[PDB]
Amino acid sequence: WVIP
Amino acid sequence: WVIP
Amino acid sequence: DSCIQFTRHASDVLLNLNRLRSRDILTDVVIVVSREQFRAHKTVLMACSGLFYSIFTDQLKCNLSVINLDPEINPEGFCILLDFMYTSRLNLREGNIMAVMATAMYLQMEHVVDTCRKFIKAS
Amino acid sequence: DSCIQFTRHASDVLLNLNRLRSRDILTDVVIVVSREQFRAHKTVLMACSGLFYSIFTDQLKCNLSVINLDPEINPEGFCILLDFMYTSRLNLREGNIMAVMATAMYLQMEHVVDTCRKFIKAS
Ligand SMILES: CN(C)c1ncc(Cl)c(Nc2ccc3c(c2)CC(=O)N3)n1
Ligand SMILES: CN(C)c1ncc(Cl)c(Nc2ccc3c(c2)CC(=O)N3)n1
Ligand SMILES: [Cl-]
Ligand SMILES: [Cl-]
């Protein structure tokens, strides 16, 4: 999971 | 396009 | 093999499937959650959820145009997860995290359940 | 928004759609190319091809279970492109590049046409  |  | 690969292909496919959903093109099922109705593509639901994969591989349920979820399922939690299925983006907030995790456990969306558990453990 | 994103989601969705294709699950169309028949999902075909997008948004053609392509289309070229649609991988070789480019131009798959033009220019 990432900060888009 | 890339070499997978 | 000796294939070449287009990096953005999968993301572009998913973006177009979401465009078809927003315009209600070739949707073949309605998911009923309490009073709320959500139109979707059976194949996308199966590709994202262990529960829908089981439902639509069943010889009788594969032909149903309407699926009613357990009354315990929250419509907002389902809406956030349906949006994730079609975009890869999860709108996870303090006020919805419990409803999102419970819905993801019911839908059998292992990666969503994992990030909800981690975010709850941090708080 | 304040969304989080799962990097591998789109690729995982496409991998599962290809698993459904290989098992012939929820395929709703057969594409006829000369004598050869190819089963597929209308939504995936539309997401990948400008030609199929046009065909299946048409109020009459959206309901057809069989689509016949132009007799000039090579079945091998189509097979390679259908494989690309479901995997992001293109089996481009010296012996098939002309048939692949001609089929991609007919199917309106802009990124495939672009890499075929570049590979031909290099040789
Ligand atoms: C497991 N299998 C062969 C398979 N083939 C095709 C599809 Cl569409 C599919 N989808 C599915 C099954 C289980 C799970 C998911 C999708 C997501 C998840 O967390 N569990 N699973
Ligand atoms: C253009 N548009 C709004 C749109 N929405 C949904 C879909 Cl499924 C779609 N697909 C499509 C159209 C044109 C092209 C492609 C897919 C690939 C391409 O090279 N050209 N295009
Ligand atoms: Cl997931
Ligand atoms: Cl393309």
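Read the numbers this way: they start at 1 and go in the same order the structure lists the ligands and their atoms. Proteins come first, then strands; the chains are lettered A, B, ... in the order of their sequence lines, and each starts at number 1.
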Checklist entry - What's the spacing between C:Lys42 NZ and C:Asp28 CG if we round to 0.5 Å? => result 5.0 Å
Checklist entry - Atoms of ligand 2 less than 4.0 Å from D:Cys48 heavy atoms? => result 17 (C)
Checklist entry - Transitively linked via ILVMFWY side-chain contacts under 4.5 Å: A:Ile3 with D:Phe6? => result yes
Item to check | From D:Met46, C:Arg23, D:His111, C:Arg21 - option closest to atom 10 (N) of ligand 2 by heavy atom | outcome: D:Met46
Next on the checklist: Applying a heavy-atom cut-off of 4.0 Å, say which part of D:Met109 lies close to ligand 2: side chain, backbone, both or neither.
Outcome noted: backbone
Item to check | Minimum side-chain heavy-atom gap D:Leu64-D:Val29 below 4.5 Å | outcome: no
Checklist entry - Which one of D:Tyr53, D:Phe56, D:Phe52 has a non-hydrogen atom at the shortest distance from atom 21 (N) of ligand 2? => result D:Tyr53
Checklist entry - Does C:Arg19 have any side chain to side chain contact (heavy atoms under 4.5 Å, CB included) partners at least two apart in sequence or in another chain, and if so, which? => result C:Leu15, C:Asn16
Next on the checklist: Are any of the N/O atoms on C:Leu20, whether in the backbone or the side chain, positioned under 3.5 angstrom from an N/O atom of ligand 2?
Outcome noted: no
Item to check | Heavy-atom closest contact (C:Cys79 atom, C:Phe38 atom, distance) | outcome: CB-CE2, 3.7 Å
Item to check | Heteroatom proximity flag, D:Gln108 to ligand 2, N/O under 3.5 Å | outcome: yes
